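Asks: Quick mapping for you: the protein sequence lines, in order, are chains E and D.
By the authors' numbering, the letter at position 16 of the first sequence is numbered 115, and the numbering carries on one by one without gaps.
By the authors' numbering, the letter at position 43 of the second sequence is numbered 1321, and the numbering carries on one by one without gaps.
Built from N, CA and C at the ideal position, the CB exists for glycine as well.
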Amino acid sequence: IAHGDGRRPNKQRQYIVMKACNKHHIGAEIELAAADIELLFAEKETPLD
Amino acid sequence: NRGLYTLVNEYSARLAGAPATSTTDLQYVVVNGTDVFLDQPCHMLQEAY
């Protein structure tokens, strides 16, 4: 505002605003057993395979 | 002293009988004319509640 009294009228004002980021880890976990791993590759032997 | 058809013209504009201010952590006498907004009704009544 510029008004008409004995106040010091005000010059143009100004801002500079400075943001940043954050970081958020996520740790997700799985186990797998060995008997899962081994018979993933053996084949054909019987209808029980 | 004057009639009310001049006082009501006068009461809405003039400075009071040196009223006090806000925000200044104490009671200081007013000296500014720019900002001060108050209109106290303890004059035309001339009382103290």
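#1: With distances taken from CA atoms, which of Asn1287(D), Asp1313(D), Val1286(D), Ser1290(D) is nearest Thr1299(D)?
#2: Residues of chain D with CB closer than 8 Å to the CB of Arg106(E), please, in chain order.
#3: If you draw a straight line from the alpha carbon of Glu1325(D) to that of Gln1318(D), how long is it in whole angstroms?
#4: To the nearest angstrom, report how far apart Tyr1306(D) and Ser1290(D) are at their CA atoms.
#5: Can you give me the C-alpha to C-alpha distance between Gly103(E) and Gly1281(D), rounded to a whole angstrom?
Replies: Judging by the given coordinates:
#1: Within the second sequence, the letter at position 21 stands for residue 1299(D). It is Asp1313(D).
#2: As a working mapping, residue 106(E) is identified with position 7 in the first sequence. Within chain D, the residues near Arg106(E) are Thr1312, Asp1313.
#3: The count along the second sequence starts at 1 and reaches residue 1325(D) at position 47. The count along the second sequence starts at 1 and reaches residue 1318(D) at position 40. Near 11 Å, if we compare the C-alpha coordinates of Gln1318(D) and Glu1325(D).
#4: Reading the second sequence from its first residue, position 28 is the one you call residue 1306(D). Reading the second sequence from its first residue, position 12 is the one you call residue 1290(D). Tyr1306(D) and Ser1290(D): Cα-Cα distance of roughly 23 Å.
#5: Your numbering for residue 103(E) matches position 4 in the first sequence. Your numbering for residue 1281(D) matches position 3 in the second sequence. C-alpha separation (whole angstroms): 32 Å.
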